[PDB]
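Below: one structure, written as structure tokens.
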Amino acid sequence: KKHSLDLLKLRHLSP
Amino acid sequence: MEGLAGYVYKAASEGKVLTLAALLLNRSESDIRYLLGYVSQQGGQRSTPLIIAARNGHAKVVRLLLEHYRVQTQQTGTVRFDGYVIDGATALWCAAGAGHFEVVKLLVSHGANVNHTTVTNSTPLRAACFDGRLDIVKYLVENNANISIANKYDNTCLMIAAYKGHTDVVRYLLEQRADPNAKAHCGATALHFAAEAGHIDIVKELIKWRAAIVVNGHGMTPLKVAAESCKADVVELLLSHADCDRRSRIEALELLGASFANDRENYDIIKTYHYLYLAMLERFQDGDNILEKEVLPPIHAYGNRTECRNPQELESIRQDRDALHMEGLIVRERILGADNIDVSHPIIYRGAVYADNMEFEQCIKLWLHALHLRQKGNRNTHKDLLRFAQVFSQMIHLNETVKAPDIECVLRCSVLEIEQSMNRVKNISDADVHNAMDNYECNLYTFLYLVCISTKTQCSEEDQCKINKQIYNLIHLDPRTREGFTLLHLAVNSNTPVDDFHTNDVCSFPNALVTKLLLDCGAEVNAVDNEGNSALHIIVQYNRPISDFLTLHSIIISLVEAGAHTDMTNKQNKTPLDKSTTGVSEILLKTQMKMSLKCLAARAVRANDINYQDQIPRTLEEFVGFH
Amino acid sequence: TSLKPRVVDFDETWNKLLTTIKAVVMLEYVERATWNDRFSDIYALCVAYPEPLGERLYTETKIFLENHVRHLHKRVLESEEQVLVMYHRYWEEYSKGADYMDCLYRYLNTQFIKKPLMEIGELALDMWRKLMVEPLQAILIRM
Amino acid sequence: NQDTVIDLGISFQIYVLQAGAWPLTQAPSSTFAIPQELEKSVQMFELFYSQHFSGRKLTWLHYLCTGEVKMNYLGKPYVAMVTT
Amino acid sequence: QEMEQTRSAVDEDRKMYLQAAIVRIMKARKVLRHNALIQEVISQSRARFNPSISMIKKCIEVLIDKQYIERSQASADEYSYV
Amino acid sequence: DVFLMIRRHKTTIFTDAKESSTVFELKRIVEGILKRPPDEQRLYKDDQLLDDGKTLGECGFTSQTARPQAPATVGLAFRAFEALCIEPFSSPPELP
Amino acid sequence: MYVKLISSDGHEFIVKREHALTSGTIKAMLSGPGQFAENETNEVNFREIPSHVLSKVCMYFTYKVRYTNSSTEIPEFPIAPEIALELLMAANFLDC
Amino acid sequence: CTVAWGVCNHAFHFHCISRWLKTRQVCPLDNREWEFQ
Ligand SMILES: [Zn+2]
């Protein structure tokens, strides 16, 4: 089902 | 009382006055103070009634609450519902984060909390900068609040202003003579966040204030950070810093051409060739003090190319698209090294593009290289192993051969990363232990998918021995899920999640080949979960005894032949014959049972509740324990 | 008595066991009531409170097998002319002794060894290999 | 391999057949009583086959298999063998 | 006699294959014309026996009684399911 | 397939036999396994003599009663007949 | 063909060798030196297990030989409450 | 697919049994009311 479309610091981007 | 607290929360949610006035009077002092100073739990999140008053722009109700009472804004609550939901923040924090100026100014007018410090020591100015309203930031700094509040990971408000598209907030912050050379935990100093989202005006604003260029922790200048993310305009602006040097300029142009080759949002192959050619022409422009390419040794993953050290070969690879993709990958690898965070993702994207075009072997090579880089960097690769499980299950469903060394390599990587996931779960107590637990369970499931794929692929004796060695190595760590399931139990269970992608076509649990392979590799056939159910207790509860009776038969034969107890009981004292819940499984197990006087005697001991402690051999106490 | 796990002295039990197992290995006519009594002695040793003596019994019978094989090694080495005949006779005797030892030590094999370690018959064969054909491999091959 | 010493008196030869694959079936009733002299083989092969190839039920077909004849009552004239 | 019943054993076998083929087609588009379905089931059951027009017509009537297929109320030529 | 527990003082023998068969071969097999002359064996079913030609299925015990579990209290005596002094099994210890 | 199982308290139990080789420890005791190949006695001395538990393991030997693989409606084997935890230790010693 | 049994030792396919009980609550071979397990 389109491997390319299936692709996709979190604590640092918090305010 | 919690009920009247919910009542006044509902009254303040609609922004009404008379309802709250009638619901917050005719009582004593302490209960009313508790009502106005406690949070209500809605939607799984705790929040002050002042939070829901400020979030809906209902400033009149909280204004009259401040007039009629002495309510404070210092109540501990959540931060924001957009994927953070961590507690410790004050009411003024979310009031600034709600984008409502008047509620902020009235909360400042009575008991200002501009210098609030949470567990992340984030002031309400942080949320004001995140929202992007000039008036709130201006008033909050005018309330004598320090703007140099660095976090534990050193996230200045200027950094989150630069990361977001709010140029007004950052220009007002730099108008106040703020620090532009603000070091962070990862080394990213303002411009690294600014030239990551492609905000040209913000980068211009900070270059006007001379934010300066400094290499961060990951060995990336703001210019290289900009070129890494295909943002050409900020690359242009940073290339005119009046101190840039040739080597940096050409490496930035090469990095930009590399990044344009493999990206989802910004994919132009003509821009790839043109920027690579611009950097090559600017390299070989003079003939004196020439800057020749320090070409890395060839990598088997990107074919066998050796970059492009001449403009003639770059000209010859102009119209050949996959050669340009590989060339961009190799020059990106050269510029950002083999140890950067973002060097691995374009490799994965090119692998995904190759897989979508049914070009599988080069896809496997690229994804294996990305896996090796991510494991050298010690990063969470539970998504990459699942990606291998999906593509391997796509060749088998398409009747395509899978290379045995590739399966061995991904299995070794899976075993090692499960070792590090066990270490992560052990080390982390409760910081993000749920995420680590889910990653661990997902890694176990992906290992099972890879083993199931390995069973259906014909391999040589040496490669099969290496695969069995990897499975053996994982078995002798005893990997367990949340509910005590060992690696054998999940291959036996029917509730084991198989991923909704192409893995459904090849990976079906229970699987007789996976169970036989695990038992041959030394799986503890008598191992128990948290409920006490062994591997035999779960196969009997299988609810499709006739549709795949060939599968159900062979796994019970393998389990009994490996040495499972056909009689032992779980924590609820339930023999698998009693827990069979199926006539067919009961018949198979009764056929496979071997009778022993030890089992009957121990069952009689357990049924009659005879005190057996310190009256039997120590090795027999366990036998009474499960029989 | 009974099969109840009881505190048993290791010295006298191991002494009578050592006498009967050297009689078994050397194929001397041992009383069969003694043979069954020493099955019971093996069970008593592998079970006794407060700590099972399975590890100590395994180590002690390993030491006994080692020094008996060493004694046979010295005898076959000093029998220079009839090294082959002496090795054949001692190999027959020790193979029968190892099989009967795996019979006598069945409780260790099925309750301690397999619950890693390696069985008593396998231990006797390994000791015979390492101390009885490994040292004089060259002279036996040349002979 | 059996613990006790067993002699069948028969050089046993059997062709075990898949039920659904093969076209021969038990569509006629054919209630045939197994001969007592060879009943030891069929009461031990089923003991053998359920022990090894467990969960399989054998429907013996007698009219598609042969046998040999002993002539103790006749006086042993020559050697004869026909279908079982 | 044995040759005759084996020629009749496949008759029951091909009726089960015709019913399976008709249902398999009827779950892909859920409606087809009566004449359009006959040519479709012949094309699928072509590596095996060639089904006669009279046999497939009988298999439709049997499947109607089995409620796997039913003629549409708006048009009897169109075939629905229930 | 009747089962029997032939007892004589301490000695006990577990024996398989058929439903419809005489005690002649029973006496012959206990003769073979006891190594003694055959004529002195006399079987008692709850201390009463039984016929030497009568089948043991009709004697008072059958395959439904004499199972592979506790078969029968069949006593045996030898003519010097000896007095029936069948020793019982040891009493189980007093459980807590 | 017939082996003799002397209990601790004097009682002698005689069961078939085929019946008594279903336990590993008795199979090991019969093998080795002192097999005493008289073909009819093959005595073994169980100086530890009492008479009732030895009787019960002999009944179990007969029971297992009869029901080794047959009679899917397997009858229950009647372990008394007072004989359990002493038949369990006996079965562990005998490796039944 | 899944196999559905019956109180009269009648085991068939789940979809077939579901359609049959949608038609009538009678076994397809005898006359007895259908039930699950
Ligand atoms: Zn029915």
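Residues in the structure tokens are named by chain (A, B, ... in the order shown) and by number from 1 within that chain; ligands are numbered from 1 in the order shown.
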For ligand 1, collect every residue having any atom at a distance of at most 7 Å from a ligand atom (counting only C-alpha atoms and all ligand atoms); output as a list in words.
residues 6, 8, 9, 10, 27, 28, 29, 30, 32 and 34 of chain H
Quick one: write out the picked residues with N, CA, C and O atoms as a PDB file, in the first residue's frame?
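This went into result-v6.pdb:
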ATOM      1  N   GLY H   6     -22.946 -27.602  16.096  1.00  0.00           N
ATOM      2  CA  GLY H   6     -24.354 -27.623  16.426  1.00  0.00           C
ATOM      3  C   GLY H   6     -24.621 -28.551  17.593  1.00  0.00           C
ATOM      4  O   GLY H   6     -23.780 -29.367  17.978  1.00  0.00           O
ATOM      5  N   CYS H   8     -26.740 -30.900  17.548  1.00  0.00           N
ATOM      6  CA  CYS H   8     -27.048 -32.219  17.010  1.00  0.00           C
ATOM      7  C   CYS H   8     -25.859 -32.804  16.255  1.00  0.00           C
ATOM      8  O   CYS H   8     -26.027 -33.512  15.260  1.00  0.00           O
ATOM      9  N   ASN H   9     -24.645 -32.510  16.738  1.00  0.00           N
ATOM     10  CA  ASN H   9     -23.388 -32.948  16.120  1.00  0.00           C
ATOM     11  C   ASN H   9     -23.310 -32.520  14.654  1.00  0.00           C
ATOM     12  O   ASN H   9     -22.864 -33.269  13.782  1.00  0.00           O
ATOM     13  N   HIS H  10     -23.753 -31.293  14.388  1.00  0.00           N
ATOM     14  CA  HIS H  10     -23.816 -30.744  13.039  1.00  0.00           C
ATOM     15  C   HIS H  10     -22.829 -29.587  12.952  1.00  0.00           C
ATOM     16  O   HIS H  10     -23.079 -28.512  13.508  1.00  0.00           O
ATOM     17  N   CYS H  27     -32.223 -27.777  10.563  1.00  0.00           N
ATOM     18  CA  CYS H  27     -31.025 -28.404  10.026  1.00  0.00           C
ATOM     19  C   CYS H  27     -31.233 -28.774   8.556  1.00  0.00           C
ATOM     20  O   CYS H  27     -32.351 -29.086   8.136  1.00  0.00           O
ATOM     21  N   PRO H  28     -30.175 -28.726   7.744  1.00  0.00           N
ATOM     22  CA  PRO H  28     -30.319 -29.018   6.312  1.00  0.00           C
ATOM     23  C   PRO H  28     -30.456 -30.496   5.981  1.00  0.00           C
ATOM     24  O   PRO H  28     -30.732 -30.825   4.822  1.00  0.00           O
ATOM     25  N   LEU H  29     -30.275 -31.389   6.946  1.00  0.00           N
ATOM     26  CA  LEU H  29     -30.406 -32.824   6.718  1.00  0.00           C
ATOM     27  C   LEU H  29     -31.542 -33.452   7.506  1.00  0.00           C
ATOM     28  O   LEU H  29     -32.240 -34.324   6.981  1.00  0.00           O
ATOM     29  N   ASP H  30     -31.748 -33.033   8.748  1.00  0.00           N
ATOM     30  CA  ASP H  30     -32.836 -33.511   9.589  1.00  0.00           C
ATOM     31  C   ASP H  30     -33.754 -32.338   9.933  1.00  0.00           C
ATOM     32  O   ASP H  30     -33.595 -31.227   9.422  1.00  0.00           O
ATOM     33  N   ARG H  32     -34.591 -30.374  13.029  1.00  0.00           N
ATOM     34  CA  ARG H  32     -34.285 -30.026  14.409  1.00  0.00           C
ATOM     35  C   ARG H  32     -33.839 -28.570  14.444  1.00  0.00           C
ATOM     36  O   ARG H  32     -33.189 -28.093  13.512  1.00  0.00           O
ATOM     37  N   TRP H  34     -31.917 -25.261  14.982  1.00  0.00           N
ATOM     38  CA  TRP H  34     -30.492 -24.971  15.006  1.00  0.00           C
ATOM     39  C   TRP H  34     -30.109 -24.160  16.239  1.00  0.00           C
ATOM     40  O   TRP H  34     -30.861 -23.302  16.711  1.00  0.00           O
TER      41      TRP H  34
END
Determine, counting only C-alpha atoms, which protein, DNA and RNA residues have an atom within 10 Å of an atom of range 61-71 of chain G; residues of the same chain fewer than 6 positions away are not included. Present the result as number ranges by chain.
B: 590-597; D: 46-48, 50-51; F: 1, 3, 14-16, 67-70; G: 15-16, 18-23, 55, 77, 96
Could the residues in this selection be written to a file with N, CA and C atoms, as a compact mmCIF listing (two decimals), in the first residue's frame?
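Saved as out05.txt:
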# COMPACT_ATOMS: atom_id res chain seq x y z
N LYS B 590 -5.44 -35.31 24.20
CA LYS B 590 -5.62 -36.61 24.83
C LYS B 590 -4.91 -37.71 24.05
N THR B 591 -4.84 -37.58 22.73
CA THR B 591 -4.02 -38.50 21.95
C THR B 591 -2.55 -38.33 22.28
N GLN B 592 -2.11 -37.09 22.50
CA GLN B 592 -0.69 -36.83 22.71
C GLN B 592 -0.24 -36.92 24.16
N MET B 593 -1.16 -37.07 25.12
CA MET B 593 -0.75 -37.18 26.51
C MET B 593 -0.03 -38.49 26.76
N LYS B 594 1.02 -38.43 27.57
CA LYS B 594 1.70 -39.61 28.09
C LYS B 594 1.46 -39.65 29.59
N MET B 595 0.89 -40.74 30.07
CA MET B 595 0.47 -40.83 31.46
C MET B 595 1.64 -41.17 32.37
N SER B 596 1.66 -40.53 33.54
CA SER B 596 2.71 -40.76 34.53
C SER B 596 2.09 -40.74 35.92
N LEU B 597 2.58 -41.64 36.78
CA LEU B 597 2.09 -41.68 38.16
C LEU B 597 2.47 -40.43 38.92
N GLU D 46 -2.39 -49.82 14.07
CA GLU D 46 -3.18 -48.71 14.58
C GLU D 46 -2.65 -48.22 15.92
N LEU D 47 -2.11 -49.13 16.73
CA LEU D 47 -1.37 -48.71 17.92
C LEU D 47 -0.11 -47.95 17.52
N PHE D 48 0.56 -48.40 16.46
CA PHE D 48 1.76 -47.72 15.98
C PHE D 48 1.42 -46.38 15.34
N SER D 50 -1.29 -44.41 15.50
CA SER D 50 -1.82 -43.38 16.40
C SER D 50 -0.73 -42.83 17.31
N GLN D 51 0.30 -43.63 17.60
CA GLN D 51 1.40 -43.15 18.43
C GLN D 51 2.30 -42.21 17.65
N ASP F 1 -10.12 -59.74 30.30
CA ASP F 1 -8.99 -59.10 30.96
C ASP F 1 -9.28 -58.80 32.43
N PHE F 3 -8.20 -58.81 36.39
CA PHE F 3 -6.95 -58.58 37.10
C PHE F 3 -7.09 -59.08 38.53
N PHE F 14 0.57 -59.69 41.03
CA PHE F 14 -0.41 -59.03 40.18
C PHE F 14 -0.51 -59.79 38.87
N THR F 15 -1.71 -60.30 38.56
CA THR F 15 -1.89 -61.23 37.45
C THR F 15 -3.04 -60.80 36.56
N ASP F 16 -2.82 -60.88 35.25
CA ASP F 16 -3.84 -60.66 34.24
C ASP F 16 -4.37 -62.00 33.73
N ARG F 67 -10.63 -54.29 38.14
CA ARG F 67 -10.09 -53.38 37.14
C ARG F 67 -8.57 -53.38 37.20
N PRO F 68 -7.87 -52.63 36.33
CA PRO F 68 -6.43 -52.38 36.56
C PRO F 68 -6.15 -51.65 37.86
N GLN F 69 -7.17 -51.04 38.47
CA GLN F 69 -7.12 -50.53 39.83
C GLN F 69 -7.26 -51.70 40.79
N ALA F 70 -7.61 -51.45 42.07
CA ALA F 70 -7.59 -52.47 43.12
C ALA F 70 -8.39 -53.70 42.73
N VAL G 15 5.33 -58.54 39.95
CA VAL G 15 4.65 -58.03 38.77
C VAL G 15 5.52 -58.39 37.57
N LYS G 16 4.91 -58.37 36.39
CA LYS G 16 5.62 -58.73 35.17
C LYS G 16 6.76 -57.75 34.91
N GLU G 18 7.76 -56.78 31.95
CA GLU G 18 7.23 -55.82 30.99
C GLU G 18 6.40 -54.75 31.68
N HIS G 19 5.68 -55.13 32.74
CA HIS G 19 4.92 -54.15 33.51
C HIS G 19 5.83 -53.26 34.35
N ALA G 20 6.94 -53.79 34.84
CA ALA G 20 7.81 -53.06 35.75
C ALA G 20 8.96 -52.34 35.07
N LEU G 21 9.10 -52.47 33.75
CA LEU G 21 10.08 -51.67 33.03
C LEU G 21 9.50 -50.36 32.51
N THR G 22 8.26 -50.04 32.87
CA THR G 22 7.70 -48.75 32.51
C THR G 22 8.18 -47.63 33.42
N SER G 23 8.87 -47.97 34.50
CA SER G 23 9.49 -46.99 35.39
C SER G 23 10.99 -47.02 35.18
N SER G 55 2.47 -51.10 46.59
CA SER G 55 1.28 -51.72 46.02
C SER G 55 0.62 -50.79 45.02
N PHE G 77 -7.60 -42.85 38.17
CA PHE G 77 -6.79 -43.70 39.02
C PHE G 77 -6.95 -43.23 40.46
N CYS G 96 8.42 -42.78 37.35
CA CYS G 96 7.27 -43.29 36.62
C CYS G 96 6.74 -42.26 35.64
With only C-alpha atoms as the counted atoms, please give the residues lying no more than 10 Å from residue 21 in chain B, apart from itself and same-chain residues fewer than 2 positions off, as a ChimeraX atom specification.
/B:8,11,16-19,23-26,61,64-65,68
Since we have the selection now, will you write its residues out, keeping C-alpha atoms, as a PDB file, in the first residue's frame?
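Just written: out.pdb:
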ATOM      1  CA  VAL B   8     -18.938  24.783  38.905  1.00  0.00           C
ATOM      2  CA  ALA B  11     -20.900  26.561  34.940  1.00  0.00           C
ATOM      3  CA  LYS B  16     -21.969  32.260  32.768  1.00  0.00           C
ATOM      4  CA  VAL B  17     -22.082  34.472  35.858  1.00  0.00           C
ATOM      5  CA  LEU B  18     -25.314  33.814  37.771  1.00  0.00           C
ATOM      6  CA  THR B  19     -24.967  30.013  37.628  1.00  0.00           C
ATOM      7  CA  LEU B  23     -23.077  27.404  42.730  1.00  0.00           C
ATOM      8  CA  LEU B  24     -20.241  29.021  44.738  1.00  0.00           C
ATOM      9  CA  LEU B  25     -22.113  30.539  47.704  1.00  0.00           C
ATOM     10  CA  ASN B  26     -24.181  29.458  50.731  1.00  0.00           C
ATOM     11  CA  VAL B  61     -16.507  34.965  34.521  1.00  0.00           C
ATOM     12  CA  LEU B  64     -15.858  38.556  38.379  1.00  0.00           C
ATOM     13  CA  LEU B  65     -14.268  35.591  40.172  1.00  0.00           C
ATOM     14  CA  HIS B  68     -15.769  38.593  44.230  1.00  0.00           C
TER      15      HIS B  68
END
With only C-alpha atoms as the counted atoms, please give the residues lying no more than 8 Å from residue 45 in chain G, apart from itself and same-chain residues fewer than 2 positions off, as a VMD selection string.
(chain C and resid 33 36 to 37) or (chain G and resid 5 to 8 43 47)
Using DSSP on the backbone, list every residue of chain H that comes out as strand (DSSP E), and give them as a PyMOL selection string.
chain H and resi 3-4+12-13
Store the residues picked out above in a file with N, CA, C and O atoms, as a CSV table (one decimal), in the first residue's frame.
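Contents of out-v7.csv, as written:
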chain,number,residue,atom,x,y,z
H,3,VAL,N,-15.6,-22.4,11.7
H,3,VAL,CA,-16.5,-23.5,11.6
H,3,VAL,C,-17.4,-23.5,12.8
H,3,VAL,O,-17.0,-23.3,13.9
H,4,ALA,N,-18.7,-23.5,12.5
H,4,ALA,CA,-19.7,-23.5,13.5
H,4,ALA,C,-20.3,-24.9,13.8
H,4,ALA,O,-20.8,-25.5,12.8
H,12,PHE,N,-20.7,-27.1,10.3
H,12,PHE,CA,-20.6,-26.6,9.0
H,12,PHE,C,-19.9,-25.3,9.0
H,12,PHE,O,-19.3,-24.9,10.0
H,13,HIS,N,-19.8,-24.6,7.8
H,13,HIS,CA,-19.2,-23.3,7.7
H,13,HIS,C,-20.0,-22.2,8.4
H,13,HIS,O,-21.2,-22.4,8.6
What lies within 10 Å of residue 53 in chain B using only C-alpha atoms, ignoring chain neighbours under 3 positions off, as a PyMOL selection string?
chain B and resi 9-16+48-50+56-62+95+103
Take the residues just selected and output them with N, CA and C atoms as an mmCIF file, in the first residue's frame.
data_model
loop_
_atom_site.group_PDB
_atom_site.id
_atom_site.type_symbol
_atom_site.label_atom_id
_atom_site.label_comp_id
_atom_site.auth_asym_id
_atom_site.auth_seq_id
_atom_site.Cartn_x
_atom_site.Cartn_y
_atom_site.Cartn_z
ATOM 1 N N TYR B 9 -17.371 23.659 37.380
ATOM 2 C CA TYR B 9 -16.602 23.564 36.142
ATOM 3 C C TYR B 9 -17.510 23.679 34.923
ATOM 4 N N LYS B 10 -18.665 23.010 34.958
ATOM 5 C CA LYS B 10 -19.629 23.130 33.868
ATOM 6 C C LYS B 10 -20.197 24.543 33.783
ATOM 7 N N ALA B 11 -20.413 25.185 34.935
ATOM 8 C CA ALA B 11 -20.900 26.561 34.940
ATOM 9 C C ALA B 11 -19.881 27.519 34.332
ATOM 10 N N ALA B 12 -18.597 27.337 34.652
ATOM 11 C CA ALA B 12 -17.554 28.199 34.110
ATOM 12 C C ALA B 12 -17.181 27.845 32.678
ATOM 13 N N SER B 13 -17.539 26.647 32.209
ATOM 14 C CA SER B 13 -17.232 26.267 30.834
ATOM 15 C C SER B 13 -18.060 27.070 29.838
ATOM 16 N N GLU B 14 -19.301 27.392 30.191
ATOM 17 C CA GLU B 14 -20.186 28.157 29.325
ATOM 18 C C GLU B 14 -20.014 29.662 29.478
ATOM 19 N N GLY B 15 -19.148 30.108 30.382
ATOM 20 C CA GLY B 15 -18.932 31.530 30.593
ATOM 21 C C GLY B 15 -20.118 32.265 31.177
ATOM 22 N N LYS B 16 -20.826 31.646 32.113
ATOM 23 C CA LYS B 16 -21.969 32.260 32.768
ATOM 24 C C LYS B 16 -21.563 32.817 34.127
ATOM 25 N N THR B 48 -8.010 23.279 35.737
ATOM 26 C CA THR B 48 -8.700 24.227 36.594
ATOM 27 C C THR B 48 -9.955 24.732 35.876
ATOM 28 N N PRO B 49 -11.019 25.067 36.614
ATOM 29 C CA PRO B 49 -12.125 25.807 35.981
ATOM 30 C C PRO B 49 -11.686 27.124 35.359
ATOM 31 N N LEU B 50 -10.647 27.762 35.906
ATOM 32 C CA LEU B 50 -10.068 28.932 35.253
ATOM 33 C C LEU B 50 -9.439 28.571 33.911
ATOM 34 N N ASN B 56 -11.905 29.087 26.426
ATOM 35 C CA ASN B 56 -13.045 29.427 25.587
ATOM 36 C C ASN B 56 -13.218 30.931 25.413
ATOM 37 N N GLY B 57 -12.251 31.725 25.860
ATOM 38 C CA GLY B 57 -12.353 33.173 25.779
ATOM 39 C C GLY B 57 -13.427 33.762 26.666
ATOM 40 N N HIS B 58 -13.677 33.146 27.822
ATOM 41 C CA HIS B 58 -14.672 33.636 28.773
ATOM 42 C C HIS B 58 -13.934 34.375 29.886
ATOM 43 N N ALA B 59 -13.606 35.637 29.610
ATOM 44 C CA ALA B 59 -12.852 36.440 30.564
ATOM 45 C C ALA B 59 -13.737 37.129 31.593
ATOM 46 N N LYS B 60 -15.029 37.302 31.303
ATOM 47 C CA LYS B 60 -15.914 37.971 32.251
ATOM 48 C C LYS B 60 -16.112 37.141 33.515
ATOM 49 N N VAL B 61 -16.258 35.821 33.364
ATOM 50 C CA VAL B 61 -16.507 34.965 34.521
ATOM 51 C C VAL B 61 -15.293 34.936 35.449
ATOM 52 N N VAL B 62 -14.084 34.852 34.890
ATOM 53 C CA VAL B 62 -12.893 34.857 35.732
ATOM 54 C C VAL B 62 -12.611 36.262 36.268
ATOM 55 N N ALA B 95 -3.403 30.220 29.901
ATOM 56 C CA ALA B 95 -4.072 31.461 29.525
ATOM 57 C C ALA B 95 -3.298 32.188 28.432
ATOM 58 N N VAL B 103 -7.790 37.895 29.213
ATOM 59 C CA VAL B 103 -7.715 37.036 30.391
ATOM 60 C C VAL B 103 -6.301 37.050 30.963
#
